[PDB]
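Take a look at the structure set out below.
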Ligand SMILES: Cn1cnc(Cn2c(=O)nc(Nc3cc4cn(C)nc4cc3Cl)n(Cc3cc(F)c(F)cc3F)c2=O)n1
Ligand SMILES: Cn1cnc(Cn2c(=O)nc(Nc3cc4cn(C)nc4cc3Cl)n(Cc3cc(F)c(F)cc3F)c2=O)n1
Ligand code: NA
Ligand code: NA
């Protein structure tokens, strides 16, 4: 029993983190096989960060302008290339701790673990969701550029996020590992705005199922609703609309608890219209939306 | 910016987890140097779990009744001894991934990371606090017995918790790594009750400082209070009393924010008497008490 914000074990990723310095600019990189992946922003000097011309800046560098440090060992850069917003540094040593891995772009609403790193050293691990406005509500200080987000499927690390910047509202933005931004952001040191965020409805329903599994049942009720009446209320409250795909995804949890999805939707409609009135669910006084159906199954069934 | 439930990176511990089986009873163990540490409950059969006589049960076993599996490799048990509630299995191979480590007993109110494991394999990592009633509000399924809790100080893993059981209320109890229980529990499969829990006041104040650092300031006010008037209100609300030691521990955070501890106490007194009225702090609608002053500093300053 119990329900916590649970991250994936980070050891397989920790062995891939390095420090990358170009001049006095320094950040984290990811060392897989004989390539180091890092934000191309590392090739900027102070003057360059506000409005860089990356193709120009890269032409002016040589392999020896790049200092890669893997703990004590320095790694020899033998080639470099740019792919969208990442830089790929070819090094002369393949990382012997390279896990089985793949590069995967995630969708809004999906969760992943973040390994926060500073000067190439892992500092902490936490779980977070990609928000509908393509930002994450992370926890990052100066120096965390290049930290990665990942999921684990069996023995395979799926890398899905490389951290680039903090926006003025204190939320975070980054790219997939092919260097393509999540959201309408660009890698320059200018103020950019995220679009308005929304609540991830299918995740809130998954978390209500988790509560029932853990014995929190006070919000349940005898009523049912239809997708359409639900979505008309949800829209009013800045909730993502629910689809029949969402309903099938919640299948295993409906099975395990015997409560139909549209039955649980009727409970959610009640909570939205009446609030919770000082009761809590799984120790929270707000509706949680950062746990996926799969997160709940992984944690409440194994 | 941002503030998350952040665990320590788990790689150094992941390499120490093994599976221990005695008969058909199986659970997790911790392999450091040439010793495997695990809950002595593993020597119980089904019939033995309700009221075991461990000294008898251990006399009847031989080194070959113990199957230790480190992934694929089986490890040869060459001696065994019992220390309080743990079993120490001497094996013929020293773990080459043994980190620098120490065994440390923590106090109520302190936090640690848990690596949840099943059949010797790491499944997830999360952060939690030792509650004042010596339980933890973990997240664990059948098969997690033997999972460990730890902190990291530089390069040194401090092990502080070995998981044994879930109590009827769904909270968890275990021992330090010398086998001594936290709290008034015993390792038998009987219903035991935890004492009443209380809110960890110094942690709530640390979390309010974190909020101010992240720009949440609405609860602040011009008033101050004294330790004594504060403690008379706190007691009423089932909060741990605050000591002058707690006040000095909050020192760095008072410095960084310019708000004196007894000034922040006056804000806490207000929140306790008036509630929060649908406002949130750091994304929560409840007062959080699972972050220590040191957790806040580590995460908000580096
Ligand atoms: C508070 N916060 C939360 N997340 C972040 C991440 N982040 C960061 O760590 N560093 C950045 N700029 C740099 C400055 C440097 C100074 N030196 C010596 N070396 C430096 C290297 C970096 Cl990367 N930034 C800003 C930033 C980074 C980008 F990659 C980008 F495309 C635009 C940006 F504005 C930053 O957000 N800080
Ligand atoms: C739901 N939950 C949350 N945490 C726990 C931890 N836990 C556990 O994993 N296992 C236990 N009993 C066993 C049964 C076995 C059946 N086989 C084949 N092998 C088994 C091994 C174990 Cl350890 N228990 C119960 C338990 C374990 C103890 F170590 C103890 F001292 C008293 C107890 F009641 C358990 O709580 N389950
Ligand atoms: Na209902
Ligand atoms: Na005040």
Wholly within region B:134-195, strands (runs of 3 or more DSSP E) carrying at least 1 residues that are under 23 Å from residue B:98 (Cα atoms), within 14 Å of chain A (Cβ to nearest Cβ) and in contact with a helix residue (DSSP H, G or I) (Cβ under 7 Å, 6 or more places away or on another chain): B:148-153, B:156-166
Extreme residue, farthest from residue B:130 (Cα to Cα), among residues of region B:176-195 that are touching a strand residue (DSSP E or B) at 6+ places or on another chain (Cβ under 6 Å) and within 9 Å of ligand 2 (Cβ to nearest atom): B:187
Given (1) in a loop (DSSP other than H, G, I, E, B); (2) away from ligand 1 (no atom under 11 Å from the Cβ), number of the condition residue A:50 does not satisfy: (2)
Residues of region B:113-131 satisfying the condition of being within 21 Å of residue A:282 (Cβ to Cβ) and either in contact with a strand residue (DSSP E or B) (Cβ under 8 Å, 6 or more places away or on another chain) or away from chain A (no Cβ under 14 Å) (or both): B:113, B:114, B:116, B:123, B:124, B:125, B:126, B:127, B:128, B:129, B:130
Among the candidates B:262, B:242, B:227, B:232, residue that is within 28 Å of the chain's Cα centre (by Cα) and either away from chain A (no Cβ under 14 Å) or away from ligand 3 (no atom under 16 Å from the Cβ) (or both): B:242
Flag if residue A:221 is closer than 30 Å to residue B:137 by Cα and away from ligand 2 (no atom under 16 Å from the Cβ): yes
Residue satisfying all of: in region B:268-302; under 18 Å from residue B:200 (Cβ atoms) and out of contact with any strand residue (DSSP E or B) (no Cβ under 9 Å at 6 or more places or on another chain); surrounded by the most Cβ atoms within 10 Å (Cβ to Cβ) among these: B:296
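Every residue, every condition in (1) more than 16 Å from residue B:282 (Cα to Cα); (2) within 13 Å of ligand 4 (Cβ to nearest atom); (3) surrounded by fewer than 12 Cβ atoms within 10 Å (Cβ to Cβ), yes or no:
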{"site": "B:213", "(1), (2), (3)": "no, no, no"}
{"site": "B:224", "(1), (2), (3)": "yes, yes, no"}
{"site": "B:231", "(1), (2), (3)": "yes, no, no"}
{"site": "B:245", "(1), (2), (3)": "yes, no, yes"}
{"site": "B:256", "(1), (2), (3)": "yes, no, no"}
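When only residues in region A:25-47 that are part of a helix (DSSP H, G or I) and touching a residue at least 24 places away in the same chain (Cβ under 8 Å) count, which is surrounded by the fewest Cβ atoms within 10 Å (Cβ to Cβ)?
Result: A:42.
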Selected residue (only one of A:152, A:136 is free of Cβ contacts under 8 Å to residues at least 40 places away in the same chain and not assigned by CATH to the domain that holds residue A:68): A:136
Subset of region B:1-24 [within 11 Å of chain A (Cβ to nearest Cβ) and in a loop (DSSP other than H, G, I, E, B)]: B:1, B:2, B:3, B:4, B:5, B:6, B:8, B:9, B:10, B:15, B:16
Among residues of region A:276-302, those that are in contact (Cβ under 8 Å) with a residue 60 or more places away in the chain, more than 9 Å from chain B (Cβ to nearest Cβ) and in a helix (DSSP H, G or I), counted: 3
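What is reported rests on the model, the rules as stated and the sources as named; these are not laboratory values. For neighbour counting, all protein chains shown are included, and Cβ atoms are generated from backbone atoms with ideal geometry for every residue, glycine included.
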